[PDB]
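K.L.:
Supplied in structure tokens, the structure appears directly below.
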Amino acid sequence: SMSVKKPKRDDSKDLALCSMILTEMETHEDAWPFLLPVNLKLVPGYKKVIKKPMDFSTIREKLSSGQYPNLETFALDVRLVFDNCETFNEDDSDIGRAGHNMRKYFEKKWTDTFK
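The sequence shown runs 44 to 158 under the working numbering.
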């Protein structure tokens, strides 16, 4: 509350560390569905169904331009990529499998870097 604060967690390295995580997600062999925005002209249904499209290149640009206020808003966009994927793709598809794999990979790196 006013003039009553928990001890200050050091957040000075968060930007660099989210960047490192994102590099690792970018270079994963199963990243290919997620590297670029879904082409809304070429994929029927996407535009109407997926209300907030998100992809790795868009997160990279937001990260690089100070559009994440804190590490939680960064994680929300990463998870949005996977939540979008599960909304549009069958589990038993190459893309559906990719999304599950990448979500796992991310959640581990997230816990190990920060929790």
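Even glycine gets a Cβ: it sits at the ideal position worked out from N, Cα and C.
Just verifying my parser: in three-state terms, what is the DSSP assignment at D57?
P.N.:
Helix, per DSSP.
K.L.:
For the alpha helix (DSSP H) containing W75, list its first residue and its last residue.
P.N.:
Per DSSP, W75 belongs to no alpha helix (DSSP H) and is neither H nor E.
K.L.:
What residues in its chain sit with their C-beta under 6 Å from that of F117, if we drop five residues either side in the sequence?
P.N.:
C61, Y111, listed in sequence order.
K.L.:
Would you check if the distance between the CB atom of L83 and the CB atom of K90 is smaller than 7 Å?
P.N.:
yes
K.L.:
Please confirm whether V121 and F157 have their CB atoms less than 7 Å apart.
P.N.:
no
K.L.:
Using the Cβ count rule (16 or more neighbours within 10 Å means buried), how would you classify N127?
P.N.:
Looking at its Cβ environment, which holds 16 or more other Cβ atoms inside 10 Å, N127 is buried.
K.L.:
For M97, collect the residues of the same chain with a Cβ closer than 6 Å to its Cβ; drop the 5 residues on either side in sequence, then sort them by chain order.
P.N.:
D120, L123, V124
K.L.:
Answer with buried or exposed for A141, where buried requires no fewer than 16 other C-beta atoms within 10 angstroms of its C-beta.
P.N.:
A141 is buried by the Cβ-count criterion.
K.L.:
Using three-state DSSP, classify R146 as helix, strand or coil.
P.N.:
helix
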